[PDB]
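Inside the fold
Listed here are the chains, written in short residue letters.
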Number of protein chains: 2
Amino acid sequence: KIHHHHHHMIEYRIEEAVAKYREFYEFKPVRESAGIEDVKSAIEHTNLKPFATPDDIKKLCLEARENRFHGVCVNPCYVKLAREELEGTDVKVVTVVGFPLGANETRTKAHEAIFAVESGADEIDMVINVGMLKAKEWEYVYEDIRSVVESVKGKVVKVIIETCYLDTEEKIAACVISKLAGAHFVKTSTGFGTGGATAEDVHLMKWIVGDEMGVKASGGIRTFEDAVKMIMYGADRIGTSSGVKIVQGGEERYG
Amino acid sequence: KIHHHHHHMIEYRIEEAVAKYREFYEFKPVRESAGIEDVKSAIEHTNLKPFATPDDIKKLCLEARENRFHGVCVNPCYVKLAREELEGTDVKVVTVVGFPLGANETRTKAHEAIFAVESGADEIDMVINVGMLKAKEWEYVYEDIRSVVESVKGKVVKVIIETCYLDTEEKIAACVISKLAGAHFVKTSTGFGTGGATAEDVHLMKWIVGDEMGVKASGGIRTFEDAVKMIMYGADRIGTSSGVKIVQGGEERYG
């Protein structure tokens, strides 16, 4: 009865955001174009490939050091290695929880988050349970995020909503629930779905969640132009494995 | 002592398998044909889509009952539901561990496997750490599988080797290691990589693992003829989401 009451309260908060979006939303940029240093500061330089080797992670970390990226993002098995490689730098170690499908038991996601932080993760990017969101099981989706957030209280949790599988209302619902569960960021995509970041999705998400929560744009971000566009429409972070070519394109075409 | 020496013993076993493969291997069928009843009994009727809803899982389970499939395969968040839906039937509930990327900490995989069995799973399809396998970290890969096998003693564990990312010596290594670690099956694919089951892969794996270990062919198996081919070349189980069309396909064209 408490959880059905909370389900009801969540539904009302979603409806209020949907109503406001319908009456007031306008798609427009949040800022003028970003520079090279802004782009570097946004980048979480990523290798989440299942075939990544320890030497690949060593190379990723070196690249993050060389280009002064905000952080690296690696699979959980490589968190201690990235921490070791990055010891003494301010480069953050980000890993992924319940990734990329988001369809693990909640307690698995919570355990994985705890293990990640024990291994030296600074931030967690989790995947939402997309199927249960689409089924309008708001309380399940809320408790699933909440359990991770609580389990690593004090550490940054980002919620990947996986926009490629969502309609507009569901995008809004995912953002509202993520905010209510006490997550610090929402994130567009895993890069393992049918689509990645769009300016439209980034802007909507930033408009719903506000200035106090972050938006991380990821999936398909290949160039300096892609990075600048996502930042221009409200992204605070960029997830990409193309950090090096992004910096090179910026230097070549915009330097 | 234990780890460096286990590393060494595994390398020698892999070398022995590779030597035998080079000396004696022949690609050819293991049986003349398979009929509709054999195919039904091989099929693990699957929905691992991240956007799968409770209703989709209810439909999958109904389809498994109507067609007398061996099992259903679902993500861990739905094991309890599948079990509830299949109560009073002998349809197995299979789930996936460390799936599809295989790059979780070993302890996350082992906990996920335990949590699945507690939630009612009969069998576990885990994903190998592909990157550590490619880096020839045999003891890491071995312990990763061994930890899961032992955590769910008495339940079938299948190791997904993810053939699409592997060369021939790597496929042999993954099979040798899965065998050594006490897994009951090797499985071709996740369906989330760059390729799925081939007859050449199924047959190589069966030849390496032998008569008392299983091979589960998965990924890209869309038709009855696809299903029959894999069985002819050594598959004991078939992972597919196309179970209903596979069966209707064979009934129509073969009786």
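Right, let's walk through the structure included here. (Residues numbered from 1 in each chain as written, not as in the entry; some residues may be left out. Chains lettered and ligands numbered in written order. Heavy atoms only, no water. Residues with missing side-chain atoms left out of burial classes, pairs and counts.)

1. What about the sheet that holds strand β1 (residues 43-47) of chain A?
Residue and element names in this part refer to chain A. Pairing is parallel in the closed barrel, where eight strands are placed in the order β1-β2-β3-β4-β5-β6-β7-β8. Across the sheet, the mean angle from the axis of one strand to that of its neighbour is 25°, orientation sign disregarded. With three bridges joining them, strand β6 (residues 185-187) and strand β7 (residues 214-218) adopt parallel strand pairing. Following the sheet pairing, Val186 is matched in β7 by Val215. Packing of helix α7 (residues 138-151) onto the sheet brings it into contact with β3 (92-97), β4 (123-127) and β5 (156-160), and relative to β4 it is tilted by some 165°. Contacting β1 and β8 (237-240), helix α11 (residues 243-254) runs over the sheet at an angle of about 135° to β1. (Pairing = 2+ DSSP bridges. Helix = DSSP H or I, 4+ residues; strand = E, 2+ residues; numbered from the N terminus. Axes fitted to C-alpha atoms, helices over the stretch in contact; angles between N-to-C directions. Contact = heavy atoms within 4.5 Å.)

2. Side note on the pattern of salt bridges
Residues and elements named next belong to chain A. All chains considered together, the criterion is met by 43 salt bridges over all chains. When the shortest N-O distance is used, the salt bridge between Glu44 and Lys216 registers 2.5 Å. Here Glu44 is found in strand β1, whereas its partner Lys216 is found in strand β7, with 172 residues between them in sequence. A residue is classified by how much of its surface remains accessible, and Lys216, at 1% relative accessible area, is buried. Linked through salt bridges whose partners overlap, the residues forming this network are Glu44, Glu123, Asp125, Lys158, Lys216 and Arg237. (Salt bridge = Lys/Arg side-chain N within 4 Å of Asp/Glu carboxyl O. Buried < 20%, exposed > 50% of the residue type's maximum accessible area, 1.4 Å probe, protein only.)

3. Considerations on the packing of aromatic side chains
Counted under the stated rule, the structure contains twelve aromatic pairs over all chains. Ring geometry for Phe51 of chain A against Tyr165 of chain B: centres 5.0 Å apart, planes inclined by 55°, an arrangement best described as tilted. A residue pair is termed interchain when its members come from two chains, as with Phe51 of chain A in the loop between β1 and α3 (54-66) and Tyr165 of chain B in the loop between β5 (156-160) and α8 (168-180). Among the residues examined, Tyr165 of chain B registers a relative accessible area of 16% and is labelled buried. In textbook terms, an aromatic cluster arises when at least three aromatic residues are bridged by ring pairs, as seen for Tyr21, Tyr25 and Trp207 of chain A. The ring of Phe185 of chain A is capped by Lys158 of chain A, whose NZ or CZ atom sits 5.7 Å from the centre of that ring. (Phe/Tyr/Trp six-rings, centres within 6.5 Å; stacked < 30°, edge-to-face > 60°. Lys NZ or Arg CZ within 6 Å of the ring centre and 35° of its normal.)

Any functional reading would require information that these geometric values do not contain.
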